[PDB]
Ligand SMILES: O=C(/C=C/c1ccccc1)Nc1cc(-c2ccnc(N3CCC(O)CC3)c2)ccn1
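Let's start with one chain on its own, the form solved without this ligand, as structure tokens.
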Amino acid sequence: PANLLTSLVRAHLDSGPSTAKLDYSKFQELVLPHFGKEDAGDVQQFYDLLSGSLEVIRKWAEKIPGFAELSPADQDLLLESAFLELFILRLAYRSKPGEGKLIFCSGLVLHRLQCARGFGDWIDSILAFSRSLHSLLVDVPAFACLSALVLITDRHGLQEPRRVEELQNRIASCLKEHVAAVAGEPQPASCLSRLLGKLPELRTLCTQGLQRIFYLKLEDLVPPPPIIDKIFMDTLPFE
């Protein structure tokens, strides 16, 4: 149970690596003593980790009941506008901040110190958020709704903002009755307002992502892939 809750759960679990398909062939806890200060390699990896999730988040979104029923312009705006947030949220939930382990959606496992030069201090902020997310001890169905709710949310330029809002309300309702379905002791709506407290912090983290990309576009060692670029420019709110 139940039918919305189970589709979400399935779309979530299907959009990422099983425990058995994790790839450690690249993971090095020891690296340094060095920097890039930015090397091409760092930057090209940063961007490749980013692009990797694109196709994955896009197929995940399609399995959300109702998402395929929004206008195609609305589907593309939600996806573009939520991309960085979904990338951070899913990374944060997937990773293991106690050990400094980042686990990407391909299955690829990397150490923080392997990510540092590419992501800059951003990786540290993501890790902090992941530490905080972990201690909320959020279950899979709660997570399945939370990420869906990051995607399905009001955005400037929506064609059918009311239909996006009814789809979001179904999801929030599903969430609310699921975290109340674990009743004793909590049943609180404290659990709830704590998990929902994680969305603004996420938006703040996304801004830090846009900051890193601005910085890398500035130095121009290696251009972003056009779809990341398009999201950067389509979502920077300023002729």
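Numbers for residues come from their place in the sequence shown, where the first is 1.
The form solved in complex with this ligand is left out here; the points below concern that form.
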{"item": "4.5 Å heavy atom contact, residue 110 and this ligand in the deposited bound form", "value": "no"}
{"item": "Residue 25, heavy atom within 4.5 angstroms of this ligand in the deposited bound form", "value": "no"}
{"item": "Contact of residue 123 with this ligand in the deposited bound form (heavy atom, 4.5 Å)", "value": "no"}
{"item": "is_contact(residue 133, this ligand) in the deposited bound form, heavy atom dist at most 4.5 Å", "value": "yes"}
{"item": "Heavy atom contacts to this ligand in the deposited bound form at 4.5 Å, residues of 91 to 125 in sequence order", "value": "93, 94, 95, 96, 103"}
